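Read-outs throughout are calculated quantities, based only on the coordinates presented, and are distinct from any laboratory measurement. Note: ideal-geometry Cβ built from the backbone for every residue, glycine included; neighbour counts use all protein chains shown.
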Amino acid sequence: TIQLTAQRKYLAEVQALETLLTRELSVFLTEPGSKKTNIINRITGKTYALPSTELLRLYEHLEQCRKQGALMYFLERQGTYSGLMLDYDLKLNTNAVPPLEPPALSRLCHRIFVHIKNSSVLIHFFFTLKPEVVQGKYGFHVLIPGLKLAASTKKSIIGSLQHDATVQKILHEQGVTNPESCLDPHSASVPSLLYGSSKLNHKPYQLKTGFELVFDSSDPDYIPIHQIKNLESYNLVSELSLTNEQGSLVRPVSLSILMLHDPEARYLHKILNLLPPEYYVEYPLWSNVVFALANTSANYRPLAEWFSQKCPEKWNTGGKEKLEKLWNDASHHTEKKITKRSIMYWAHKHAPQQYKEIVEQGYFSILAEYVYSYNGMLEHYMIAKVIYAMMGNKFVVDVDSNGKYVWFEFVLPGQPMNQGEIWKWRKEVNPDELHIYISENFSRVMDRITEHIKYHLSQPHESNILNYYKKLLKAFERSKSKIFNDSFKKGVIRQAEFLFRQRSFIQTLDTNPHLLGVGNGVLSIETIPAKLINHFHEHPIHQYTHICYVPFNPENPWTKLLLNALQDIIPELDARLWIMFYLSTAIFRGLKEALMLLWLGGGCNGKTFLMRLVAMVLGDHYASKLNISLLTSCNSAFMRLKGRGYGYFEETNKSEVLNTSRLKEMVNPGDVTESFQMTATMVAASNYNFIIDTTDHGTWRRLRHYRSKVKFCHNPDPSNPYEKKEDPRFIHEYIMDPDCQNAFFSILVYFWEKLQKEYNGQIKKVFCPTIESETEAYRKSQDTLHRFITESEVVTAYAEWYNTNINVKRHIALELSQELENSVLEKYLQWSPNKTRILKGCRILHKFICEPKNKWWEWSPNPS
Amino acid sequence: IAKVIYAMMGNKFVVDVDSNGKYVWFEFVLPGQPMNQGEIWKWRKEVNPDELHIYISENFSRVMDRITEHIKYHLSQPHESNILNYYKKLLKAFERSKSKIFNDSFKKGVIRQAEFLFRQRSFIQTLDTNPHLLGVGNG
DNA sequence: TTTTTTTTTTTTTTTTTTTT
Ligand SMILES: Nc1ncnc2c1ncn2[C@@H]1O[C@H](COP(=O)(O)OP(=O)(O)O)[C@@H](O)[C@H]1O
């Protein structure tokens, strides 16, 4: 990795090889599966079928790049005609080199000559071996490219040598404990390696001896195996090539493509291998990770498929086909977009002490490649990319309506913070902790590079590469200080805000109505029971409340006090259940029914006590007070309740008259207007009474009413259930008590769960005998024209009656005729020849249920 | 220099962010210093660090003089050629950077780093929350 | 003299303010 970039840097011949491959050998492309190719680079798996000219040129260039001592991973495959290539997996007892002798090698040459004379015959012998010092000794490859007899005869020779005992005896003389299995039967059926072609994470072979032995068809009995002199004068790479017939010295007698494609694929491979496959075993978590990877692009379909082969008993007959089914589902899925952050968190949880150094090596290699690319001159983007690599799941950047860039940070426990922000996101204006991380936390990692370079400077090298390393260190010393310059940090931040940008993040914030932020995390009320997330998540939550959640415990003394006081406020069990059910829906933030709740009382009743408690429990984020002038009037006023699920009015003190206007506009769940939506529950209470003049069929259907039957005063009235001693403590205090608020929140969420499980989230399903009884009584009331009848001249007289009875105001006689006709005067209606609706039979007088056992919150059975 | 400021002279000032987003400073006054009348032992709001500038220029220079004389002393000690050359390069670099403390741009950079290092979360809102504390002209 | 020095640039602001 690092050495690859180094060699690409301080070796011009490597650059020449790269240019030759990219320009000249581009036209010589070969299919990966086609066998017409002759050269395959194990680095990139590029199949090539170079002609003789390209073959000789590449042989020469590889000869040079070998002769300085570089590294190369090119391989050749035997064709229809080829020389002899052999493998000896000499797994000796000890990894100690025996002094193999040239006479012994000549005896081996005689043995192989005997083994080949009993075949088709009409030679240079090269012995190369590993640099040794490795378990089970080294491996040996004799190379004989002189002949061309690539056929099953090679298999026959391999078999003949397999049972050969002379070679085994020679090996035993060389102290080999493994006389057999060193020569694999598939030696000639696999591609070979050119001289200097090392194995992956291994070292290239080095030649040992070269012996020239001519042959004669008439009588090969004479054998001059006499040693070759001065092999260095020849291009050994070209001479040793099987496909090279024109040699001078010699004579012619899909996981891989995924790992090759970008490093993030293999990084995901590693991090997926880090955690145990136990989570993969079960369907839920495995499907979760498949969905998560499918959300992040679609190229990882084989990658997940690669992860699918594990547990074949669960993969085949099941997992295999459901894998592609889930992939097809996720290709169009839009409900959730889990990303690699969850996988990183899982690797954090399950397998510690290892992913730290793994990612450290990863981004250290990234930064080493960066610094190598431009010789120690690093700029704002150059550091900013590594910074993005550092904290990829900690910060996010978005653009507001004004266009200003704004940051957001995922507050977690164990860091300095405010009260009630753990495990959830907070807005932020100018990255502060990012600056310290850049200047200090990052500073350690690059220090590693420093010593790393010094390490490579400590090792002996050539003068030119040593001078290059000295220049690299000198350049890097200048960039050393720039981690502290403030203009440098400002430029780094300005560059990085582009990298950290995430499109469509502010507008999708808080869009889930079932997710509510609390003092100790976030609650998802999507399912029953609601789930508290006290760990990493992937949800856009910014609004919250400072009320910590506790499980609904009726055994809490404060819970008992709240239940008793709430029962005392309105003793009617059915009415109490209905009103608590209505109030428990304030937590929901989605669309709701077009209803408002208003209820009246004489005064000094249970009003304005539970109202303010509910308001403060919901909080400023989720609740908003509203002025009474919203409905009594004939625009920041309408901007209220944006996302707030609870709307309420203060005490009216005096009496007010509704204008019949904006009433339908504040209740409908449709468009109201800029355009915005309304999702809130409306609750109103007053000491006095209102005036309503309308009898539309839609109206009085989208409306409810109630009257308080209790009275609270300082002097108790004995034997009167409708009077109880007011408890000032309830008001002045019992609000600031955090435990009281937590218990109240638990009680409200309990009633919300009860409503969801019983009536499936509809207030229409739940009915109270008291409700729609007092409501219909009020509906029968608030009628004036019908009352006037039973008490242009008719409409005029109605006008003065209304003025002198309730209120004096301007009147319009055009429409009032319609309600007068629709009144009880329909039967007493007759027409006129002048097309006028004159009146007959008229004369203006102008002369004078059940109770709970011990738990009303138990809600009783369905009738309640 | 900002970390040195935080360490040496850090228990006198606090930095916070207002609603408008402008960074603001607060200082804990002590007896015997220029100030207004009758506010001793309380916290004063302040816009752009003034006494911090004098502290950086005067006290920090005195401290770095100690480092300078320490380096000169260890240079005076007998040593090999390589370590002597290393110390000499340190000497030229440090004396070239000595006068940089008085740069107004550098000083403002130190201030804009201090406004990050000296920040304390949840400080403006926690001011004067206790109803029982009443500031008076004598404390 | 040439390689190196070196070196002031730069930076900051300056102006932007942005403001009702
Ligand atoms: N369930 C209850 N038991 C005892 N006292 C109560 C109960 N509910 C309310 N109270 C008290 O009765 C008083 C009624 O006055 P208040 O609610 O202020 O009248 P209004 O709501 O008309 O302004 C309150 O001070 C409250 O403390």
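Please identify every one of the trypsin sites (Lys or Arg not before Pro) in region A:380-421 that sits in a loop by DSSP and has no more than 10 other beta carbons within 10 Å of its own beta carbon.
A:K404
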*Hey, what does the equivalent ellipsoid look like for region A:709-864, semi-axes from the Cα gyration tensor as sqrt of 5 times each eigenvalue, largest first, whole Å?*
51, 23, 17
_For region A:305-313, Karplus couplings with θ = phi - 60° (6.51, -1.76, 1.60), whole Hz, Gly/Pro x_ = 4, 4, 5, 7, 4, 5, 6, x, 4
*asked:* For the ranges A:517-526, A:427-436, what's the packing order if you count other beta-carbon atoms within 10 Å of each residue, average per peptide, and put the highest first?
replied: A:517-526, A:427-436
*Quick one: if you stick a label point 7 Å off each Cα along the C-beta vector at A:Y388 and A:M417, how many nm between them?*
2.7
*Where a label projected 7 Å from the Cα of B:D65 along Cα→Cβ would reach, residues of region B:99-123 with amide N under 17 Å*: B:99-102
*Give the shape of region A:516-664 as rounded, prolate or oblate, defined through the alpha-carbon gyration tensor: a ≥ b ≥ c are the square roots of its eigenvalues, a/c under 1.5 means rounded, and otherwise the shape is prolate if a/b is larger than b/c and oblate if not.*
oblate
_Radius 14 Å from Cβ of B:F60, net charge of other residues (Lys, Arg +1; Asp, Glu -1)_ = +3
*asked:* Residue by residue through region A:468-479, what is 3J(HN,Hα) from phi via Karplus (6.51 cos²θ - 1.76 cosθ + 1.60, θ = phi - 60°)? Round to whole Hz and write x for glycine and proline.
replied: 4, 5, 4, 5, 4, 5, 4, 5, 5, 4, 5, 6
*Distance in nm between label sites at A:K757 and A:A151, each 7 Å beyond Cα in the beta-carbon direction?*
8.5
*CD proxy at 222 nm, helix term only [per DSSP H run n ≥ 4: -39500 (n - 2.57); per residue of the protein assembly as shown; nearest 500]*: -12000 deg cm²/dmol
*Obtain the radius of gyration and the Kirkwood radius of region A:37-108 from its C-alpha atoms and give Rg over Rh.*
1.08
_Residues of type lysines that B:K72 reaches as a straight line, Cα spacing below 17 Å, ignoring anything fewer than 8 places off in the same chain_ = B:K88, B:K89, B:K92, B:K98
*Can you give the direction-averaged projected area of the convex hull of the alpha-carbon atoms in chain B, in nm²?*
11.5
*Positive-end residue, chain A charge dipole about Cα centroid, Cβ charges, pick of A:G247, A:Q361, A:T660*: A:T660
*For the cross-link pairs A:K454/B:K3; A:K340/A:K385; A:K336/A:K424, which exceed 21 Å when the distance is taken from alpha carbon to alpha carbon?*
A:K454/B:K3
_C-alpha center-to-center spacing [region A:563-632, region A:645-723] in angstrom_ = 10
_Kirkwood-type radius of region A:419-509, with distances r between different C-alpha atoms, in Å_ = 16.7
*Mind checking the dipole of the protein assembly as shown: about its Cα centre, +1 per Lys or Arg Cβ, -1 per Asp or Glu Cβ, Debye to the nearest 20?*
940
*Excluding A:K470 itself, calculate the net charge of residues whose Cβ lies under 15 Å from the Cβ of A:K470, where each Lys or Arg counts +1 and each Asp or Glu counts -1.*
+3
*Could you order peptides A:683-693, A:302-312 by the average number of other Cβ atoms within 10 Å of their residues, highest first?*
A:683-693, A:302-312
*3J(HN,Hα) from dihedral phi, region A:727-732, Karplus parametrisation 6.51/-1.76/1.60, rounded to Hz, x for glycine, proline*: 10, x, 4, 4, 7, 2
*Place +1 on the Cβ of every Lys and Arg and -1 on the Cβ of every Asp and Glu in region A:191-237, take the dipole about the Cα centre, and give the residue among A:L231, A:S217, A:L193 whose Cα lies farthest towards its positive end.*
A:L193
_Ranking request for peptides A:214-223, A:740-749: highest mean number of other beta-carbon atoms within 10 Å first, then the rest in descending order._
A:740-749, A:214-223
*How much net charge surrounds A:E18 when only the other residues with a Cβ under 15 Å from the Cβ of A:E18 are counted, with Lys and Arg +1 and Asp and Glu -1?*
+3
*Convex hull over the alpha-carbon atoms of region A:723-805: what's its volume per residue in Å³?*
237
*asked:* Could you tell me how far the Cα centroid of region A:1-53 sits from the Cα centroid of region A:81-126, in Å?
replied: 31
*Estimate the FRET efficiency between A:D568 and A:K625 by the formula 1/(1 + (r/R0)^6), using the beta-carbon distance for r and 25 Å for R0, to the nearest 0.05.*
0.45
*Would you mind giving the average projected area, over all directions, of the Cα convex hull of region B:7-75 in nm² with one decimal?*
6.6
_Rg and Dmax [Cα atoms of region A:357-399; Å; Rg one decimal, Dmax integer]_ = 11.9, 36
*With the dipole of the protein assembly as shown worked out from charges on the C-beta (+1 for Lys and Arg, -1 for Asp and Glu) around the Cα centre, which of A:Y73, A:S256, A:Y374 lies farthest toward the positive end?*
A:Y374
*Calculated over the protein assembly as shown: convex hull of Cα atoms, volume per residue (Å³)*: 329
*Over what distance in Å are the Cα centres of region A:58-73 and region A:136-152 separated?*
21
*Please list, or write none, the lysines whose alpha carbon is within less than 19 Å of the alpha carbon of A:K765, excluding same-chain residues fewer than 8 places away.*
A:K592, A:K754, A:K757
*State the percent of C-alpha pairs, over all pairs in region A:484-556, separated by a distance greater than 17 angstrom.*
60
*Please list, or write none, the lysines whose alpha carbon is within less than 22 Å of the alpha carbon of A:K724, excluding same-chain residues fewer than 8 places away.*
A:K560, A:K607, A:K709, A:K711, A:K853, A:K855
